[PDB]
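**Student:** Quick one, coords_24.csv (CSV, C-alpha atoms and all ligand atoms):
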```
chain,number,residue,atom,x,y,z
A,22,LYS,CA,84.1,4.3,129.8
A,23,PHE,CA,87.3,6.4,129.4
A,24,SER,CA,90.8,4.7,129.9
A,25,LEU,CA,94.2,6.0,128.5
A,26,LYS,CA,96.6,3.2,127.3
A,27,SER,CA,99.7,5.2,126.5
A,28,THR,CA,102.0,8.2,127.5
A,29,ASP,CA,101.0,9.7,124.0
A,30,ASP,CA,97.3,9.5,125.1
A,31,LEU,CA,98.1,11.4,128.4
A,32,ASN,CA,100.1,14.1,126.4
A,33,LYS,CA,97.0,14.6,124.2
A,34,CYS,CA,94.7,15.2,127.1
A,35,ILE,CA,97.5,17.5,128.7
A,36,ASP,CA,97.5,19.5,125.4
A,37,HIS,CA,93.7,19.8,125.3
A,38,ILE,CA,93.5,20.9,128.9
A,39,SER,CA,96.2,23.6,128.2
A,40,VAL,CA,93.9,24.9,125.3
A,41,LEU,CA,90.9,25.2,127.8
A,42,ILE,CA,93.2,27.0,130.4
A,43,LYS,CA,94.4,29.4,127.6
A,44,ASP,CA,90.7,30.0,126.6
A,45,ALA,CA,89.5,30.3,130.2
A,46,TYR,CA,92.4,32.9,130.7
A,47,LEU,CA,91.7,34.7,127.3
A,48,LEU,CA,88.0,35.1,128.5
A,49,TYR,CA,88.8,36.3,132.0
A,50,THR,CA,91.2,38.9,130.5
A,51,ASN,CA,88.4,40.2,128.2
A,52,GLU,CA,86.1,40.4,131.3
A,53,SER,CA,83.8,37.5,130.2
A,54,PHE,CA,83.9,36.2,133.8
A,55,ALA,CA,80.9,33.9,133.4
A,56,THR,CA,82.0,32.1,130.2
A,57,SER,CA,85.6,31.9,131.6
A,58,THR,CA,84.2,30.2,134.7
A,59,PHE,CA,82.3,27.7,132.6
A,60,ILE,CA,85.5,26.6,130.9
A,61,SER,CA,87.3,26.7,134.3
A,62,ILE,CA,84.9,24.1,135.8
A,63,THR,CA,85.1,22.0,132.6
A,64,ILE,CA,89.0,21.9,133.1
A,65,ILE,CA,88.5,20.6,136.7
A,66,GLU,CA,86.1,17.8,135.7
A,67,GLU,CA,88.3,17.0,132.5
A,68,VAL,CA,91.5,16.9,134.7
A,69,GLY,CA,89.6,14.5,137.1
A,70,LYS,CA,88.5,12.3,134.1
A,71,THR,CA,92.1,12.1,132.8
A,72,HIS,CA,93.7,11.2,136.2
A,73,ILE,CA,91.1,8.5,136.7
A,74,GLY,CA,91.5,7.5,133.0
A,75,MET,CA,95.2,6.5,133.6
A,76,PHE,CA,94.2,4.6,137.0
A,102,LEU,CA,90.9,16.8,143.9
A,103,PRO,CA,94.4,18.2,144.9
A,104,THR,CA,94.7,18.8,148.7
A,105,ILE,CA,95.5,22.6,149.1
A,106,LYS,CA,99.3,23.1,149.9
A,107,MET,CA,98.3,25.7,152.7
A,108,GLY,CA,100.9,28.5,152.5
A,109,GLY,CA,101.3,27.5,148.7
A,110,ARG,CA,100.8,29.9,145.7
A,111,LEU,CA,97.0,29.1,145.5
A,112,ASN,CA,96.6,30.5,149.2
A,113,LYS,CA,98.9,33.6,148.6
A,114,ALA,CA,96.9,34.4,145.4
A,115,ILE,CA,93.3,33.7,146.7
A,118,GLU,CA,90.7,30.8,152.3
A,119,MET,CA,88.3,30.9,149.3
A,120,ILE,CA,89.9,27.5,148.6
A,121,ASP,CA,87.7,25.8,151.3
A,122,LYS,CA,84.6,27.3,149.5
A,123,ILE,CA,85.5,25.9,146.0
A,124,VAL,CA,86.4,22.5,147.6
A,125,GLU,CA,83.0,22.4,149.5
A,126,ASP,CA,81.1,23.4,146.2
A,127,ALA,CA,83.1,20.7,144.4
A,128,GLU,CA,82.3,18.0,147.0
A,129,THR,CA,78.6,19.2,147.4
A,130,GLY,CA,77.8,18.8,143.6
A,131,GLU,CA,77.2,22.7,143.7
A,132,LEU,CA,80.0,23.4,141.1
A,133,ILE,CA,77.7,21.7,138.5
A,134,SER,CA,74.9,24.2,139.1
A,135,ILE,CA,77.4,27.2,139.2
A,136,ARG,CA,78.7,26.0,135.7
A,137,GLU,CA,75.1,25.7,134.4
A,138,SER,CA,74.4,29.2,135.6
A,139,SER,CA,77.7,30.5,134.1
A,140,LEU,CA,76.6,29.7,130.4
A,141,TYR,CA,72.7,29.3,130.4
A,142,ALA,CA,70.0,31.9,131.4
A,143,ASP,CA,67.3,30.3,133.7
A,144,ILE,CA,64.0,31.2,135.4
A,145,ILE,CA,65.0,30.6,139.0
A,146,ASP,CA,61.5,30.1,140.7
A,147,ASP,CA,59.9,33.0,138.6
A,148,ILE,CA,62.8,35.6,138.2
A,149,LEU,CA,65.0,35.4,135.1
A,150,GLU,CA,68.7,34.8,136.0
A,151,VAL,CA,71.6,35.3,133.5
A,152,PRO,CA,75.3,34.3,133.5
A,153,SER,CA,76.8,37.9,133.8
A,154,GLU,CA,74.9,38.5,137.1
A,155,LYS,CA,75.8,35.1,138.7
A,156,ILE,CA,79.6,35.0,138.3
A,157,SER,CA,81.9,37.7,139.9
A,158,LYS,CA,85.3,38.7,138.6
A,159,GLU,CA,86.9,37.2,141.8
A,160,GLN,CA,84.9,33.9,141.5
A,161,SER,CA,86.2,33.6,137.8
A,162,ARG,CA,89.8,34.5,139.0
A,163,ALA,CA,89.7,31.9,141.8
A,164,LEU,CA,88.2,28.9,139.8
A,165,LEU,CA,90.8,29.4,137.0
A,166,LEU,CA,93.7,29.7,139.5
A,167,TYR,CA,92.2,26.5,141.2
A,168,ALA,CA,91.7,24.8,137.8
A,169,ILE,CA,95.4,25.3,136.9
A,170,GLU,CA,96.5,23.8,140.3
A,171,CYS,CA,94.0,20.9,139.6
A,172,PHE,CA,95.9,20.2,136.3
A,173,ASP,CA,99.4,20.9,137.8
A,174,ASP,CA,99.0,18.7,141.0
A,175,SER,CA,97.2,15.9,139.0
A,176,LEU,CA,99.2,15.5,135.7
A,177,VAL,CA,102.5,17.7,135.6
A,178,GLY,CA,105.4,15.3,136.4
A,179,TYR,CA,104.4,12.0,134.6
A,180,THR,CA,106.0,12.9,131.1
A,181,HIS,CA,108.8,15.2,129.8
A,182,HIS,CA,106.0,17.1,127.9
A,183,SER,CA,104.1,18.0,131.1
A,184,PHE,CA,107.1,20.1,132.3
A,185,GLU,CA,107.2,22.2,129.1
A,186,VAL,CA,103.4,22.8,129.5
A,187,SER,CA,103.6,23.6,133.2
A,188,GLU,CA,105.9,26.6,132.5
A,189,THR,CA,103.1,28.1,130.4
A,190,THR,CA,100.6,27.1,133.1
A,191,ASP,CA,102.9,28.8,135.6
A,192,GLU,CA,103.3,32.0,133.5
A,193,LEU,CA,99.4,32.3,133.2
A,194,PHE,CA,99.0,31.4,137.0
A,195,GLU,CA,101.6,34.1,138.1
A,196,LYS,CA,100.0,36.7,135.7
A,197,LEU,CA,96.7,36.2,137.5
A,198,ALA,CA,98.2,37.5,140.9
B,22,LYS,CA,59.5,25.3,131.8
B,23,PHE,CA,61.3,28.4,130.3
B,24,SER,CA,58.9,31.3,129.5
B,25,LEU,CA,59.5,35.2,129.4
B,26,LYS,CA,56.8,37.6,130.7
B,27,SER,CA,58.2,41.0,129.7
B,28,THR,CA,60.4,42.8,127.2
B,29,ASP,CA,62.9,43.3,130.1
B,30,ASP,CA,63.4,39.4,130.2
B,31,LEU,CA,63.8,39.3,126.4
B,32,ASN,CA,66.4,42.0,126.3
B,33,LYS,CA,68.4,40.4,129.1
B,34,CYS,CA,68.4,37.1,127.1
B,35,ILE,CA,69.4,39.1,124.0
B,36,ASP,CA,72.3,40.7,125.9
B,37,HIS,CA,73.5,37.3,127.1
B,38,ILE,CA,73.4,35.9,123.5
B,39,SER,CA,75.5,39.0,122.5
B,40,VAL,CA,78.0,37.9,125.2
B,41,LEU,CA,78.3,34.3,123.8
B,42,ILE,CA,78.7,35.7,120.2
B,43,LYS,CA,81.5,38.0,121.4
B,44,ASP,CA,83.1,35.1,123.3
B,45,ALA,CA,82.8,32.6,120.3
B,46,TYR,CA,84.5,35.4,118.1
B,47,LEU,CA,87.2,36.1,120.7
B,48,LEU,CA,88.1,32.3,120.8
B,49,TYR,CA,87.9,31.9,117.0
B,50,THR,CA,90.0,35.1,116.5
B,51,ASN,CA,92.6,33.6,118.9
B,52,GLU,CA,92.8,30.2,117.2
B,53,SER,CA,90.6,28.1,119.6
B,54,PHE,CA,88.2,26.9,116.7
B,55,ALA,CA,86.9,24.0,118.8
B,56,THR,CA,86.0,25.9,122.0
B,57,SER,CA,84.6,28.7,119.7
B,58,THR,CA,82.3,26.1,118.0
B,59,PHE,CA,81.0,24.8,121.4
B,60,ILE,CA,79.8,28.4,122.1
B,61,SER,CA,78.5,28.8,118.5
B,62,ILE,CA,76.3,25.7,118.9
B,63,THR,CA,75.3,26.8,122.4
B,64,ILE,CA,74.2,30.2,120.9
B,65,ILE,CA,72.0,28.4,118.3
B,66,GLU,CA,70.4,26.3,121.1
B,67,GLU,CA,69.9,29.4,123.4
B,68,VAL,CA,68.3,31.5,120.6
B,69,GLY,CA,65.7,28.7,120.1
B,70,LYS,CA,65.0,28.3,123.9
B,71,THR,CA,64.5,32.2,124.0
B,72,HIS,CA,62.4,32.6,120.8
B,73,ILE,CA,60.2,29.7,122.0
B,74,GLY,CA,60.4,31.1,125.5
B,75,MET,CA,58.4,34.2,124.5
B,76,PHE,CA,55.4,32.0,123.1
B,99,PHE,CA,67.6,23.8,117.4
B,100,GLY,CA,64.0,25.1,116.5
B,101,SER,CA,64.3,28.6,115.0
B,102,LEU,CA,66.8,28.0,112.1
B,103,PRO,CA,67.3,31.2,109.9
B,104,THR,CA,65.3,31.5,106.7
B,105,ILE,CA,67.9,31.4,103.8
B,106,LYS,CA,67.5,33.9,100.9
B,107,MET,CA,69.5,33.5,97.6
B,108,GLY,CA,71.6,36.7,97.9
B,109,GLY,CA,71.9,36.7,101.8
B,110,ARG,CA,75.0,37.8,103.6
B,111,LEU,CA,75.4,34.2,105.0
B,112,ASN,CA,74.8,32.7,101.5
B,113,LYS,CA,77.6,35.1,100.4
B,114,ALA,CA,80.0,34.3,103.4
B,115,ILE,CA,79.8,30.4,103.4
B,116,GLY,CA,77.9,29.3,100.3
B,117,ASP,CA,74.8,27.1,99.6
B,118,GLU,CA,76.7,23.9,100.4
B,119,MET,CA,77.6,24.3,104.1
B,120,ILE,CA,74.3,26.1,104.9
B,121,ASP,CA,72.6,22.9,103.7
B,122,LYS,CA,75.2,20.9,105.7
B,123,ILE,CA,74.6,22.9,109.0
B,124,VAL,CA,70.8,22.7,108.4
B,125,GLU,CA,71.0,18.9,108.0
B,126,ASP,CA,73.3,18.6,111.1
B,127,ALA,CA,70.7,20.6,113.1
B,128,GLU,CA,67.6,18.7,111.8
B,129,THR,CA,69.2,15.2,112.6
B,130,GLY,CA,71.0,16.3,115.8
B,131,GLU,CA,74.5,15.8,114.4
B,132,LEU,CA,75.0,19.4,115.8
B,133,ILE,CA,74.8,17.9,119.4
B,134,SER,CA,77.6,15.4,118.8
B,135,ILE,CA,79.7,18.1,117.1
B,136,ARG,CA,79.1,20.3,120.2
B,137,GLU,CA,80.2,17.4,122.5
B,138,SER,CA,83.3,16.8,120.4
B,139,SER,CA,84.3,20.5,120.4
B,140,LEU,CA,84.9,20.6,124.2
B,141,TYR,CA,85.3,17.0,125.6
B,142,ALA,CA,88.0,14.4,124.8
B,143,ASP,CA,86.5,10.9,123.9
B,144,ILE,CA,87.7,7.3,123.2
B,145,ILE,CA,85.8,6.3,119.9
B,146,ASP,CA,86.3,2.8,118.4
B,147,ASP,CA,89.4,2.7,120.7
B,148,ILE,CA,91.4,5.7,119.7
B,149,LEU,CA,91.5,8.9,121.9
B,150,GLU,CA,89.7,11.9,120.1
B,151,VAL,CA,90.5,15.5,121.1
B,152,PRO,CA,88.6,18.7,120.1
B,153,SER,CA,91.6,20.2,118.2
B,154,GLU,CA,91.3,17.2,115.8
B,155,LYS,CA,87.5,17.4,115.2
B,156,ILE,CA,86.7,21.0,114.4
B,157,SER,CA,88.3,22.8,111.5
B,158,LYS,CA,88.7,26.6,111.0
B,159,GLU,CA,86.3,26.4,108.2
B,160,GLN,CA,83.6,24.6,110.4
B,161,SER,CA,84.2,27.1,113.3
B,162,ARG,CA,83.8,30.2,111.0
B,163,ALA,CA,80.6,28.9,109.3
B,164,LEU,CA,78.9,27.9,112.7
B,165,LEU,CA,79.6,31.4,114.3
B,166,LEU,CA,78.4,33.2,111.1
B,167,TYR,CA,75.4,30.8,111.2
B,168,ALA,CA,74.7,31.3,114.9
B,169,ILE,CA,74.9,35.1,114.4
B,170,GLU,CA,72.4,34.8,111.6
B,171,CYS,CA,70.1,32.7,113.9
B,172,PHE,CA,70.1,35.5,116.5
B,173,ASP,CA,69.5,38.1,113.9
B,174,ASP,CA,66.7,36.3,112.0
B,175,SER,CA,64.9,35.0,115.2
B,176,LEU,CA,65.2,37.9,117.7
B,177,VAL,CA,66.3,41.3,116.1
B,178,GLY,CA,63.1,43.4,115.4
B,179,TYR,CA,61.2,42.4,118.6
B,180,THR,CA,62.5,45.2,120.8
B,181,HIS,CA,64.1,48.6,120.2
B,182,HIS,CA,67.2,47.3,122.1
B,183,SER,CA,67.6,44.3,119.8
B,184,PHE,CA,68.4,46.8,116.9
B,185,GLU,CA,71.2,48.3,119.0
B,186,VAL,CA,72.7,44.8,119.7
B,187,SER,CA,72.3,43.9,115.9
B,188,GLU,CA,74.7,46.8,115.1
B,189,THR,CA,77.4,45.0,117.3
B,190,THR,CA,76.5,41.5,115.9
B,191,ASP,CA,76.5,43.0,112.3
B,192,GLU,CA,80.1,44.2,112.8
B,193,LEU,CA,81.3,40.8,114.2
B,194,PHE,CA,79.6,39.2,111.2
B,195,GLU,CA,81.3,41.6,108.7
B,196,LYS,CA,84.8,40.9,110.1
B,197,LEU,CA,84.4,37.1,110.1
B,198,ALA,CA,83.2,37.0,106.5
B,199,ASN,CA,86.4,38.5,104.8
C,1,BR,BR,107.2,13.0,126.8
C,2,BR,BR,60.6,52.0,121.5
C,3,NA,NA,64.7,39.5,112.5
```
I'd like the structure from this file rewritten - as structure tokens, please.
Ligand SMILES: [Br-]
Ligand SMILES: [Br-]
Ligand code: NA
**Tutor:**
Amino acid sequence: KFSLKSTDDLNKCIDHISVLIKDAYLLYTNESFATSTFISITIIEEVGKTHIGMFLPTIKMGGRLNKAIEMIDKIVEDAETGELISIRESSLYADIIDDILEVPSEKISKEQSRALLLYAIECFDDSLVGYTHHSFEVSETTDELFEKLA
Amino acid sequence: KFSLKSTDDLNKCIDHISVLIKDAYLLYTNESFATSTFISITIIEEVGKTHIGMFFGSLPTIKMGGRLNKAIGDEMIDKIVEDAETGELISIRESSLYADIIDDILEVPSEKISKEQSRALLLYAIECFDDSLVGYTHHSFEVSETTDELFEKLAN
């Protein structure tokens, strides 16, 4: 379906994912933890679609993602499971779970939002930063926003 | 599938729709027109699910002097209405968040959704909420005061 033919195509997807990261960050800051989280899980599946379009990033362990959030194992497990899909659903859409009404603001925690954005940014960084001059420019904003969330 | 059995359920949904409106406005007001629009279209779909839930369906009834009529004009209302009837609003929603290869040229949200489109869809979504759900519960009127303000700001 989706295959990138050019270094310009990769820079377009880089740029777009920078927008989602700025929007996920903007939402987290304004305490919209559930909507932020929805955009955070989108980035991780969009980063994965881009990497595959050119033809998961193994935790550093001791690296800035550990020192900032342990909880990594959790997100990686939910990601492998297919559980991150249902967490994303529940982070934007209200739902009758069996016969109680469930709502985004009471399914996503401030720290869950913080962790998936920090994880999304690493997803993008480990996957795409390094393959163009442009990625390096972008990574310094990605870095500034990452550091600010710690 | 989705039904609501109490005014507590309705108000919780109403509150959630208030969150999405604030979020679409937050994004728009930054300059993330595309992500905004994804939320604005979601709001229109989740107002319908909710209205129907208590019984793109519930489109606002347009009146000649109406605040929306005033903020975006007759042409545009008609356009959004047609996009909702034919399901163009779903493709617009997909294109406002997800990169795509169409014909064989990479498409990105920033190049599909204009400021003008983003503004009109949030105003429109806000008027969906208001027409469909405000009046049902005493709490809805409280939330309408917030949504009314966001509406006033966006239309000037
Ligand atoms: Br470059
Ligand atoms: Br009352
Ligand atoms: Na009404």
**Student:** Would you pick out the contacts of region 133-138 of chain B at 7 Å or less, using only C-alpha atoms, so that residues sharing its chain but fewer than 4 positions from it are not included, and give the list as JSON, numbers by chain?
**Tutor:** {"B": [58, 59, 62, 142, 152, 155]}
**Student:** What does the list of residues within 9 Å of ligand BR 2 (chain C) look like if you count all atoms listed in the file, written as a compact mmCIF listing (two decimals) with C-alpha atoms, in the frame of the given file?
**Tutor:**
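So out_11.txt came out as:
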```txt
# COMPACT_ATOMS: atom_id res chain seq x y z
CA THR B 180 62.50 45.20 120.80
CA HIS B 181 64.10 48.60 120.20
CA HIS B 182 67.20 47.30 122.10
```
**Student:** For ligand BR 1 (chain C), which of A:140, A:41, A:119, A:177 is the closest residue, counting only C-alpha atoms and all ligand atoms?
**Tutor:**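 With only C-alpha atoms and all ligand atoms as the atom set, the closest residue is A:177.
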**Student:** Considering only C-alpha atoms, extract the chain B residues located within 10 Å of chain A and return them as a ChimeraX atom specification.
**Tutor:** /B:22-26,29-31,33-34,36-38,40-41,43-45,47-48,51-53,55-57,60,63-64,67,70-71,140-145,147-153
**Student:** Find the distance between CA of residue 102 (chain B) and CA of residue 171 (chain B) and write it in Å to one decimal.
**Tutor:**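 Rounded to one decimal, the two atoms are 6.0 Å apart.
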**Student:** So which residues touch region 118-124 of chain B within 9 Å, counting only C-alpha atoms, skipping near sequence neighbours fewer than 6 positions away, as number ranges by chain?
**Tutor:** B: 102, 105, 111-112, 131-132, 160, 163-164, 167
**Student:** So that I have them on file, write out the residues from the current selection with C-alpha atoms, as a PDB file, in the frame of the given file.
**Tutor:**
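Resulting contents of part-v2.pdb:
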```pdb
ATOM      1  CA  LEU B 102      66.800  28.000 112.100  1.00  0.00           C
ATOM      2  CA  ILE B 105      67.900  31.400 103.800  1.00  0.00           C
ATOM      3  CA  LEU B 111      75.400  34.200 105.000  1.00  0.00           C
ATOM      4  CA  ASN B 112      74.800  32.700 101.500  1.00  0.00           C
ATOM      5  CA  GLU B 131      74.500  15.800 114.400  1.00  0.00           C
ATOM      6  CA  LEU B 132      75.000  19.400 115.800  1.00  0.00           C
ATOM      7  CA  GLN B 160      83.600  24.600 110.400  1.00  0.00           C
ATOM      8  CA  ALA B 163      80.600  28.900 109.300  1.00  0.00           C
ATOM      9  CA  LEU B 164      78.900  27.900 112.700  1.00  0.00           C
ATOM     10  CA  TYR B 167      75.400  30.800 111.200  1.00  0.00           C
TER      11      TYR B 167
END
```
**Student:** Counting only C-alpha atoms and all ligand atoms, figure out which residue out of B:107, B:165, B:68, B:198 gets nearest to ligand NA 3 (chain C).
**Tutor:**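 When distances to ligand NA 3 (chain C) are compared using only C-alpha atoms and all ligand atoms, the smallest one comes from B:68.
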**Student:** Counting all atoms listed in the file, name the residues that have an atom within 7 Å of an atom of ligand BR 1 (chain C); the answer should be given as a PyMOL selection string.
**Tutor:** chain A and resi 180-182
**Student:** From the options B:175, B:101, B:61, B:190, which residue's atoms come nearest to ligand NA 3 (chain C), counting all atoms listed in the file?
**Tutor:**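 So, comparing all the options, the nearest one is B:175.
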**Student:** Counting all atoms listed in the file, what residues are within 8 Å of ligand NA 3 (chain C), given as number ranges by chain?
**Tutor:** B: 172-179
